[PDB]
Amino acid sequence: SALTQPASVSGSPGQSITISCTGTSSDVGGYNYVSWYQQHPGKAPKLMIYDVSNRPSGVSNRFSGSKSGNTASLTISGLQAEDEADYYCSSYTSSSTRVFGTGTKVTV
Amino acid sequence: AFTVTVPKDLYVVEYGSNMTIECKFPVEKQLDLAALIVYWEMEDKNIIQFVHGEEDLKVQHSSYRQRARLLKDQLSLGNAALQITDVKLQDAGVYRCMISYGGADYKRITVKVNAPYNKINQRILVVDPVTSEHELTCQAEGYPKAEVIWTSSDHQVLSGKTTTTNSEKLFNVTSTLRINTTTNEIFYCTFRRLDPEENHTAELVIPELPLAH
Amino acid sequence: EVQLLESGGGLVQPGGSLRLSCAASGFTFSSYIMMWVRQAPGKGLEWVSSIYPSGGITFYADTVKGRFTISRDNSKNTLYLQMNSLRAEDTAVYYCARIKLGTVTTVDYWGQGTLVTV
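Residue numbers (the authors' numbering), protein chains in the order written: chain L, 2 to 109; chain A, 18 to 184, 188 to 233; chain H, 1 to 118.
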């Protein structure tokens, strides 16, 4: 049980980029609860968005999120070089459990 | 062995109504409310968190506020029941209740929601007075998706054109019929949908002086 | 304005015992669902254990069921994980995660971890 996040994506400043997160009819595709977490290596993972698109006060509008059918996507805009970090998605599941993604490493 | 028991593991509840959901837990002699803990959840969403006779309302979900309550009265009989009113559609899904009182167990239950299409809206207009081409229009709102069957006074089915679309997640169903007819000719649209098989049939009576658009 | 401090991890043999703690500073911790989540070095991150605020309802991931036990002192506002007969696959970083109010499963604040090596 894991969420598949393509490990290698990358791109240069002032640019948009979208990490993908795919999963079953039973978790990311069945529920509107999917959260995204940002962490630089060896540090303190930060909730960025939640409930598919919703982001808490204090995350730059440069971050939005999207779920299409079974597949969910986290988009970064006005891309900057601090944002190069391992990022994970996550979903609630029919087992009343949260699965997490393998993670993608974005690099500026 | 302390176990929680739900008298019904299903609920089919119509949009906007009210429902009580029930959980039962062993009680002997009198209930010590200091030691009782209840939790009500639906998927990723807490609903109630009842610790020590005081319902924690800072933490209840936004989408539930002033809608769903734990009935504090029945508890003394071992029955801790979630009362939601104005069933809002997005409540359809699997709940589960959790009781810690000396022991702990939880049982999950599910609820789905209908929305009959029983308020039908009619419009009758001429589009070509010479050819007497009229346009018969039924719409209505409900859940889940519906289909629309047009029938002549003599009980023959006729070809319509329909459009399904969303209102929140509710379904909005418009269907129109373009057929040459005259005054006092009656036609029908019946809305038929699946799930709890349901149907609602409207009568359209052509007026002497219909509008035009 | 919130801090979660894991302490207690280190090098222990396979089959040994370790007690992981989480010191909690922040909002009223007597109302939160709390969680442990593990990160194997370089690998994905998995959920191990849940505990409800009070009542002593707990949950454990299937790998971990029966040799890990979780607890919490709501006065001392901390959270513990007891690890017994650590298998070799149990060696990873351990995170202590607070569940956003309202949401059953969605963490929001995290601590920075503590190492466990089998």
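For each residue, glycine too, the CB sits at the ideal point set by N, CA and C.
Review point. How big is the Cα-Cα spacing for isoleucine 50 of chain L and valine 143 of chain A?
Key: 53 Å
Exercise for review: Kindly list, in the order they appear in chain H, the residues whose Cβ is closer than 7 Å to that of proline 42 of chain L.
Suggested key: What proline 42 of chain L touches in chain H: nothing, since even the nearest Cβ is about 10 Å away.
Review point. Ends of the beta strand (DSSP E) at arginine 38 of chain H?
Key: 34 to 39
Check your understanding: With contact counted as at least three CB pairs below 8 Å, one residue from each stretch, are the region 102 to 113 of chain A and the region 26 to 46 of chain A in contact?
Key -> yes
Practice item. Go ahead and label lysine 46 of chain A buried or exposed: buried means 16 or more other beta carbons lie within 10 angstroms of its beta carbon, across all protein chains shown. Key: exposed
**Study point:** Selected residue, minimal CA-CA separation from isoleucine 33 of chain H, among H:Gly111, H:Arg98 and H:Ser25
**Key:** H:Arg98
Practice item. Mind checking who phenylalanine 68 of chain H pairs with in its DSSP beta bridge? Key: H:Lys65 and H:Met83
Check your understanding: The beta strand (DSSP E) with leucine 45 of chain H in it runs from where to where?
Key -> 45 to 51
**Study point:** Within 8 Å of chain A by C-beta, residues of the region 75 to 93 of chain L in sequence order
**Key:** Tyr93
Point to revise | Short-range partners of chain A found in the region 17 to 32 of chain H, where Cβ spacing is below 9 Å | key: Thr28, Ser30, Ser31 and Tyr32
Practice item. Find the residues of chain H that neighbour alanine 45 of chain L, judging by a C-beta separation of less than 8 Å, and give them in chain order. Key: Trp110, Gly111 and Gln112
Point to revise | Residue-level contact to chain A via CB, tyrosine 34 of chain L, 8 Å cutoff | key: yes
Review point. Does DSSP classify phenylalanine 29 of chain H as helix, strand or coil?
Key: helix
**Study point:** the region 64 to 80 of chain A in contact with the region 146 to 164 of chain A per 3-pair CB rule at 8 Å
**Key:** no
Practice item. Sort A:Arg140, A:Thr194, A:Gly159 and A:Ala109 by Cα distance to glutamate 60 of chain A and report the nearest one. Key: A:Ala109
Review point. By a C-beta neighbour count over all protein chains shown, 10 Å radius and 16 as the cutoff for buried, is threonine 182 of chain A buried or exposed?
Key: exposed
**Study point:** Beta-carbon proximity check, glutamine 82 of chain H vs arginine 19 of chain H, cutoff 8 Å
**Key:** yes
Review point. Between the region 199 to 214 of chain A and the region 9 to 16 of chain H, do at least 3 Cβ pairs fall closer than 8 Å?
Key: no
Practice item. Alpha carbon to alpha carbon, how far is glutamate 39 of chain A from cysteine 114 of chain A? Give it in angstroms, no decimals. Key: 9 Å
Point to revise | Under the three-state DSSP convention, the category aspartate 84 of chain L falls into | key: helix
Review point. Are the region 83 to 97 of chain H and the region 54 to 61 of chain H touching, with three or more C-beta to C-beta distances below 8 Å?
Key: no
Check your understanding: The beta strand (DSSP E) with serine 7 of chain H in it runs from where to where?
Key -> 3 to 7
Check your understanding: Is there a Cβ from chain A that is less than 8 Å from the Cβ of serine 49 of chain H?
Key -> no
Review point. Mapping DSSP to helix, strand and coil, what is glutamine 139 of chain A?
Key: strand
Review point. Which whole runs of the beta strand (DSSP E) in the region 3 to 75 of chain L are 3 residues long or more, in chain order?
Key: 9 to 11, 18 to 23, 35 to 40, 47 to 50 and 64 to 69
**Study point:** At least 3 beta-carbon pairs within less than 8 Å: the region 115 to 135 of chain A vs the region 64 to 74 of chain H
**Key:** no
Exercise for review: Mind listing the chain H neighbours of residue 187 of chain A? Cutoff is C-beta to C-beta under 8 Å, in chain order.
Suggested key: There are no coordinates for residue 187 of chain A in this structure, because the numbering of chain A runs from 184 directly to 188.
Practice item. Scan the region 32 to 46 of chain H for residues whose Cβ lies nearer than 7 Å to a Cβ of chain L and list them as they occur along the chain. Key: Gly44, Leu45 and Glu46
Check your understanding: Exposed or buried, which one is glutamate 46 of chain H when buried takes at least 16 other CB atoms within 10 Å?
Key -> buried
Practice item. Tell me, please, which residues DSSP counts as bridged to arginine 98 of chain H. Key: H:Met34
Review point. Taking the C-alpha atoms as reference points, what is the distance between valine 2 of chain H and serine 25 of chain H?
Key: 5 Å
Exercise for review: Measure the C-alpha to C-alpha separation of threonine 19 of chain L and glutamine 112 of chain H and round it to an integer number of angstroms.
Suggested key: 26 Å
Check your understanding: How about the region 157 to 173 of chain A and the region 118 to 125 of chain A: do they share at least three Cβ pairs that are nearer than 8 Å?
Key -> no
**Study point:** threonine 117 of chain H versus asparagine 77 of chain H - alpha carbon distance
**Key:** 27 Å
Check your understanding: Cβ of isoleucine 57 of chain H less than 8 Å from any chain A Cβ?
Key -> yes
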